[PDB]
Structures are given as C-alpha cells and as structure tokens.
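To start, the structure under review is shown below, and the notes come after it.
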Amino acid sequence: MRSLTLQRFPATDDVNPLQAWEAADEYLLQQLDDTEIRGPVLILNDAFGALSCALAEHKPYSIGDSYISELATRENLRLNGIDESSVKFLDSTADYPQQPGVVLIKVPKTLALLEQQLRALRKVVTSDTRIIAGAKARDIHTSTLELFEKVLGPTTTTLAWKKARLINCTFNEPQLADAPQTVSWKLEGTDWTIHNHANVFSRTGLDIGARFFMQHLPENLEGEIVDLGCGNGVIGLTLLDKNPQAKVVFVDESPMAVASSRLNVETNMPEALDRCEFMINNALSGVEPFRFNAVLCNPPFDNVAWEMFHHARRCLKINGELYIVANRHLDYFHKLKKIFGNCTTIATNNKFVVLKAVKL
Ligand SMILES: C[S@@+](CC[C@H](N)C(=O)[O-])C[C@H]1O[C@@H](n2cnc3c(N)ncnc32)[C@H](O)[C@@H]1O
C-alpha cells in the first residue's frame, strides 16, 4: 500500500485474495493524512504490520495477540529498509502507554478480544485521543459499536470505501462495571478449573474435538512432549497428569493462549510446573530437530496444519509420534501418510478422527 512493499507471513502470490493489507488499513491511514500526529501511537491487531510500517517514523506501539503478526511486521519493516527498533511490540494483556494521541484499531475476529482491548485502552486514553477502528464493512456489527459506546464512548461511522468501513470514538469514560480478565469453567471428570483469556480458542467451554482427543491420548511417555497449539492448555494438563515422567512444552502463536496454559498449570497442578516449558512460537520454528518423543496437535479448523505436521516431523525423534485430532472429512490421513510415510487411525467420532504418525 502507498509505495510500501508488503508481504503476508507465509508469503502469498499475486492472485491470492489474501494479502498483507486490505482497504481497511489504507482507509485508516488516510484518516490521518490531514493530521499532525502526536504519540504515543497505538496500533491494535495490525495483522502483517502494514500500519506499523506506514507509521514507523512515529515509533508506534503494535499491540496484539499474535507472534505471527510480529514476525510478519519485522520482515516487512526489513523489506522497506526500516529499523526494527522503530516498532515496539506489546501483548494485548500488557499495560498500554499512557496518554496515547492516536489509537488505530483493526477490529479483531472476536468480540471478547475487542472488549478486553477497549477496557485496556479505557485505562490510558483521554478525550483528546484520536480513536479510530477499521475493518471489512461486513465485520462491523451493531454489537461492535455497542461495545465501543459501553466501554469508551459515543461513536460515529463512515461511508463504505472498497468494502472497508471505520468507526470514530470519542472517549467519554462511561459508567462501567469492572470485569475479569479470564473466563473459567470446571473441566468435567476433573478437579480442574480452566481459565481462558479473551482470544483463546473455545474459551467458554471444553471443545468437543479436545474432549475426544483426551480419551485417546498416549500414556507412559518419557522425554519432552509437545502440546502444539495449546490454547488453554487442557491437552497439556491432561498429558502432565497422564505421563508422570514426561516434560510438556506448551506451544502457541497466541501469547494469551500461552498465558492461559501457564495459569491453568499454576492453578490445577503447580507441583508439575518443574516439568513445563511455555513457548510462544510459530509452530516449532527455530526448534532443534530430533528433540521430542511425542507431539500432540489440534490444528486450526489449511497450509497451517501442514506446516505444523512438517514441524512436528522435523522436531520429533526417530520413532517419535505425532498424534492429531481432526475433522473426519479432511484428508489429513493421506497428508500425514505422505509427510511421514505412515499413518494409523486410533479412533473416530461422528465428526472427529484421532490419527497417529511415526517418524521414520
Ligand atoms: C483448534 S485450537 C486447539 C486448542 C487446544 N490444544 C485443544 O485441543 O482444544 C488450535 C490452536 O493453534 C494455535 N495456532 C494457530 N496457528 C499457529 C501457529 N502457526 N503456531 C502455533 N500455534 C498456532 C491457535 O492459536 C489455537 O490456539
């Protein structure tokens, strides 16, 4: 956009509708064209760093719940000959810089994340703060606006431009009851309470894919085993409780997922903390090959799952095992067989299948 060269993480080609930026980003930017910018500049959910690159000279803070976004942003900064140091990266749960002058928000996929972010902004914005949100027009719902009025203040909206649309907010500090950071629920059949940060997968209750997976999890495992894409950590917890001698690596792209996992171990079995590693990563990038005895994965429901499978194969030991839950209809059996040479169906739901591939 605007003479910047920008690439998605995993880079895509020219006919892939998925690109590094969308109209919404440019529309947002254009709101500031006739503006003298006063930092701090906060940028939320900047997916591949388009806004961060555009506004680097102002030394923006890029806030979000995605390490992939940070990686992508650093790459794009480099492709544009901009210093990495120009952009400061913050997790969504962190304390935001006080008295920001400009807050740009890409509306996130989930209402819950948006609300936690607006409550976090509520602590730092003033009525002088220029607050603007942008997204595909179709992603701007009445509920979105309502959220804004509830937490920050009165909203104005713009016309559509290339399927994108924006919201302007003027901070009112409206009357608001405080709300918890996490949503908790009891894991059936357990003494465990599972806490879930705003952006965590299936945060309101146990995922049925995971419920099916937990029944056919491998036991009597040693060495290190991976909860690859851990989310709230439930699989990891179950592995710790099932494999007394193993250490468990909780891995997720989302710092909120990792935080949730850490919290759930600290909360439901602190005596096991000595055997846990909590890693924020893009799958297993930069991880030593031949390190693990087992990897367990409930891939997002794709290029992604295949990336995970490959990482799994690479970092597994010989005879190490990858276990997966997947929707029954995807051809994951054959992708696994291709990647590993083998594959075995452990179990199958009405909707889910648990697969197993050995590293050869
Ligand atoms: C379907 S959820 C599985 C959650 C939990 N392990 C379970 O079984 O219920 C998939 C998780 O993978 C994470 N994820 C997506 N892409 C990733 C990536 N490239 N690297 C690491 N984790 C990723 C997502 O944040 C999400 O938490």
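Below, each value reflects all heavy atoms present in this structure, side chains not excepted, and no hydrogens, waters or symmetry copies. Both counts, for ligands and for their atoms, begin at 1 and track the order of listing. If you read the sequence from its start, that first residue is 1, and numbering goes on from there.
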Worksheet, complete the sentence: Separation between CG (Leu145) and OG1 (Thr156), nearest 0.5 Å, reads 10.0 Å
Discussion item. Students should be able to answer this: which protein heavy-atom is nearest to atom 20 (N) of ligand 1, and at what distance?
Written reply: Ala283 N, 2.8 Å
Discussion item. When you compare the side chains of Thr93 and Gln181, does any donor N or O come within less than 3.5 Å of an acceptor on the partner?
Written reply: no
Item to complete: Give the residue, atom name and distance (to 0.1 Å) of the protein heavy atom nearest atom 26 (C) of ligand 1.
Response: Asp252 OD2, 3.6 Å
Fill in: Closest candidate by heavy atom, reference atom 9 (O) of ligand 1, pool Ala210, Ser66, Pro10
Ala210
Discussion item. Below 4.0 Å from ligand 1: does a non-hydrogen atom of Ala257 turn up there or not?
Written reply: no
Discussion item. Between ligand 1 and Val200, can you find any atom pair, the residue atom being a heavy atom, that is separated by under 4.0 Å?
Written reply: no
Fill in: Residue and atom name of the nearest protein heavy atom (relative to atom 19 (N) of ligand 1), distance in Å to one decimal
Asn282 OD1, 3.2 Å
Worksheet item: Side-chain donor-acceptor pair under 3.5 Å between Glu57 and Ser86, yes or no?
Response: no
Item to complete: Please round to the nearest 0.5 Å and tell me the distance separating atom CD of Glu149 and atom OG1 of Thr155.
Response: 3.5 Å
Worksheet item: Between the side chains of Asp65 and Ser254, is a donor N or O closer than 3.5 angstrom to an acceptor N or O?
Response: yes
Discussion item. Between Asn168 and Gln31, does the side-chain hydrogen bond (donor to acceptor under 3.5 Å, both in side chains) criterion hold? Intermediate values first, please.
Written reply: CA-CA 10 Å; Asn168 292 108; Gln31 298 315 114; 5.0 Å; no
Discussion item. Between the side chains of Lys150 and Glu115, is the shortest nitrogen-to-carboxylate-oxygen separation below 4.0 Å, so that they form an ion pair?
Written reply: yes
Practice prompt. For a salt bridge (charged side-chain N to carboxylate O under 4.0 Å, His left out) with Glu22, tell me which candidate from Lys162, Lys163, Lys106 qualifies.
Written response: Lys106
Fill in: Residue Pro300 vicinity, atoms of ligand 1 by number, heavy atom under 4.0 Å
15 (C)
Discussion item. Using heavy atoms and a 4.0 Å limit, tell me yes or no: is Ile235 in contact with ligand 1?
Written reply: yes
Item to complete: Tell me which one of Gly229, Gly233, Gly231, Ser202 gets a heavy atom nearest to atom 6 (N) of ligand 1.
Response: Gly229
Practice prompt. Provide, to 0.1 Å, the distance between atom 5 (C) of ligand 1 and the closest protein heavy atom, together with that atom's residue and name.
Written response: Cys230 O, 3.4 Å
Fill in: Closest protein heavy atom (residue, atom, distance) for atom 8 (O) of ligand 1
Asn298 ND2, 3.0 Å
Practice prompt. Flag yes if more than 12 heavy atoms outside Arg211 fall under 6.0 Å of its CZ atom; otherwise flag no.
Written response: no
Worksheet entry | atom 23 (C) of ligand 1: the protein heavy-atom neighbour that sits closest, reported with distance to 0.1 Å | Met308 CE, 3.3 Å
Worksheet item: Within the structure, does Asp207 bring an N/O atom to less than 3.5 angstrom of an N/O atom in ligand 1?
Response: no
Practice prompt. Of the side chain and backbone of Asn281, name the one, both, or neither that has a heavy atom under 4.0 Å from an atom of ligand 1.
Written response: backbone
Response to the item:
Per-atom filter on ligand 1: closer than 4.0 angstrom to a heavy atom of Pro299 are 1 (C)
Item to complete: Please confirm whether the backbone N or O of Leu113 pairs with a side-chain atom of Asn199, one donor and one acceptor, at under 3.5 Å?
Response: no
